[PDB]
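Per-entry structural report
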Amino acid sequence: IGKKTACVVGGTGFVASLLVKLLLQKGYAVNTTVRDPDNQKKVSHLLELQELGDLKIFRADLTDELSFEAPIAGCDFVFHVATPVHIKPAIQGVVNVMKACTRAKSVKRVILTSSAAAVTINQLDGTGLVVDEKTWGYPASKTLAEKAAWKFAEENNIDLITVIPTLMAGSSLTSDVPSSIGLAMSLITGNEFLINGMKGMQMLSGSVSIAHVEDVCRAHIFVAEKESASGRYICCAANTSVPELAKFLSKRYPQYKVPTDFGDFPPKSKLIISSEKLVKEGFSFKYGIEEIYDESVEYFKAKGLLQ
Ligand SMILES: [Cl-]
């Protein structure tokens, strides 16, 4: 029967977890993976999801192409998030996984997540970053991992499609908060460091582009299900600037004090990131900027990271 199966590597992932939960709700039979099941806190959100449907964990490292044989087998779709909200490891992580998809008839299609943003963004979680008085890459650019994924796929006739996101906010199943929201939320949080971060985001990528992880997630499935889908799919809901965002947050969040004056800082960003191709192929974004921020704000408080 049309009893549908899919595999979602690295189930701990901010994006991934959310896929799984969401797949399960769609009826799919989900297999996911993780390095070491033996962090009780780590999987804590994964256990809860079992309640929703037939979720079979598997234990996987991106180092043994063997790991993937187990979880990958029987699944119509493989979802691997190449660049997780947190270089050589991913690039290897993407071949192995793809390797295993050669060794299965079941796998009708692979859909991969890579973005330049996350790459950078997780640098911001890095240690020893230099501060001056007064990295960031072309948003539509292809990570090596992505680039590597494409080559292979082409060489081994696999059916790949990639989803290219930007700033991802909303809420997350995972216990700890993701850098990426904190950054999306720094304007409300008032974290000076993260604001400069986001300020750079604008100059060095020349856009403040954002999306809700559920929407980024749906986008992944939809493309997975749409038989007519070919290629890369830039997924961003909102386009803005650090000033014009902070104005906008000020005039929707009286409860909080969002810095409303930048002086020199450019009011417009150089680039607008369009998900037309995506929309053109028929996706509709549930969450706009307003709902992204209510969502992100309401989670943060629920996280106990607000007043
Ligand atoms: Cl993620």
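Residues numbered from 1 in each chain as written, not as in the entry; some residues may be left out. Heavy atoms only, no water. Residues with missing side-chain atoms left out of burial classes, pairs and counts.

As annotated in the PDB entry, the protein carries the name Anthocyanidin reductase and comes from Vitis vinifera. The title attached to this entry in the PDB is "Structure of apo anthocyanidin reductase from vitis vinifera". Heading Pathway of the UniProt record for the protein holds this comment: "Secondary metabolite biosynthesis; flavonoid biosynthesis." The heading Sequence similarities in the UniProt record of the protein holds the text "Belongs to the NAD(P)-dependent epimerase/dehydratase family. Dihydroflavonol-4-reductase subfamily." (UniProt positions renumbered as here; feature names shortened; annotations may be inferred.)

Side note on the overall build of the protein
Assigned secondary structure in the protein consists of twelve helices and ten strands. Dimensions of the protein, computed from C-alpha atoms along their principal axes, come out at roughly 60 × 40 × 40 Å. (Helix = DSSP H or I, 4+ residues; strand = E, 2+ residues; numbered from the N terminus.)

Describing the sheet that holds strand β7 (residues 167-169)
Note on sheets: strands pair through backbone hydrogen bonds, and any given pair is parallel or antiparallel. Taken in spatial order, the three strands make up an open sheet running β7-β8-β10, and their pairing is mixed. Each having just a single partner strand, β7 and β10 (238-240) make up the two edges of the open sheet. Ignoring which end each strand starts from, the neighbouring axes of this sheet average 30° apart. The pairing of β7 with strand β8 (residues 208-212) spans three bridges and is parallel. Within β8, the residue paired with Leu167 across the bridge is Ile210. (Pairing = 2+ DSSP bridges. Axes fitted to C-alpha atoms, helices over the stretch in contact; angles between N-to-C directions.)

Some thoughts on the packing of helix α1 (residues 14-26) against helix α9 (residues 213-225)
Between two packed helices, both the angle of their axes relative to each other and the distance between the axes serve to describe the pair. For the pair α1 and α9, the least separation of the axes is 9 Å and the interaxial angle reads 60°. Classified by chirality, the crossing of α9 by α1 is right-handed. On α9, the residues touching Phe14, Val15, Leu18, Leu19, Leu22 and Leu23 of α1 are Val213, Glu214, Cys217, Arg218, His220 and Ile221. Class assignment of the residues belonging to the contact of α1 with α9 gives a composition of nine nonpolar, one polar and two charged. (Left-handed = near helix turned anticlockwise from the far one by under 90°. Contact = heavy atoms within 4.5 Å. Nonpolar A, V, L, I, M, F, W, Y, C, P; charged D, E, K, R; others polar.)

Observations concerning the packing of aromatic side chains
Centre to centre, the rings of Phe77 and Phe79 are 6.4 Å apart; their planes meet at 70°, and the pair counts as edge-to-face. Ring centres of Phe222 and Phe283 lie 6.0 Å apart, and the angle between their planes is 80°; this geometry places the pair in the edge-to-face category. Placement of the pair is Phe222 in helix α9 and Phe283 in the loop between α11 (276-281) and α12 (289-302), with a sequence separation of 61 residues. Following the ring pairs from residue to residue traces out a cluster consisting of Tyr28, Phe77 and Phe79. The ring of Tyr233 carries the charged tip of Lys277 above its face, separated from the ring centre by 4.6 Å. (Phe/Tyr/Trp six-rings, centres within 6.5 Å; stacked < 30°, edge-to-face > 60°. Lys NZ or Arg CZ within 6 Å of the ring centre and 35° of its normal.)

Quick word on the sheet that holds strand β2 (residues 29-34)
If you walk across this open sheet you meet the seven strands as β3-β2-β1-β4-β5-β6-β9, and the pairing is parallel. The sheet is open, and its two edges are formed by β3 (56-59) and β9 (231-234), each paired on a single side. Put simply, the sheet's adjacent strands are angled 20° from each other on average, direction ignored. As paired strands, strand β5 (residues 109-113) and strand β6 (residues 160-164) are joined by four bridges and run parallel to one another. Within β6, the residue paired with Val110 across the bridge is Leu160.

Let's talk about the UniProt feature "binding site: NADP(+)" in the protein
The UniProt feature table records "binding site: NADP(+)" at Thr12, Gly13, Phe14, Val15, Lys42, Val81, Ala82, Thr83, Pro84 and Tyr138. With respect to the secondary-structure elements, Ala82 resides in the loop between β4 (77-81) and α4 (88-102). Note on placement: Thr83 falls in the loop between β4 and α4. Excluding residues within four positions of it along the chain, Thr83 makes contact with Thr113, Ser114, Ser115, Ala118 and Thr143.

Quick word on the pairing of β3
Alignment of β2 against β3, held across four bridges, turns out to be parallel. By the bridge assignment for β3, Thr33 is matched with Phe58. With helix α2 (residues 40-50) bridging β2 and the parallel β3, this β-α-β connection has right-handed handedness. (Right-handed = clockwise from strand over helix to strand, strands pointing away.)

Topic: the pattern of salt bridges
With a closest N to O distance of 3.1 Å, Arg59 and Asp38 form a salt bridge. Taken as a pair, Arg59 in strand β3 and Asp38 in the loop between β2 and α2 lie far apart in primary sequence, 21 residues in all. (Salt bridge = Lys/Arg side-chain N within 4 Å of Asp/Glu carboxyl O.)

Quick notes on the environment of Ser141
Relative to the elements of secondary structure, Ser141 occurs in the loop between α5 (116-123) and α6 (144-155). Along the primary structure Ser141 and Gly263 are separated by 122 residues, whereas in three dimensions their C-alpha atoms are 31 Å apart. With sequence-adjacent residues up to four places away left out, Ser141 is seen in contact with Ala116, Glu146 and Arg232.

Describing unusual backbone geometry
Notably, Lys134 is not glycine yet its phi reads approximately 145°, a positive angle. Within the secondary structure, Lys134 is located in the loop between α5 and α6. Despite not being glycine, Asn157 has its phi angle at roughly 45°, a positive value. Position of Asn157 relative to the elements: it lies in the loop between α6 and β6.

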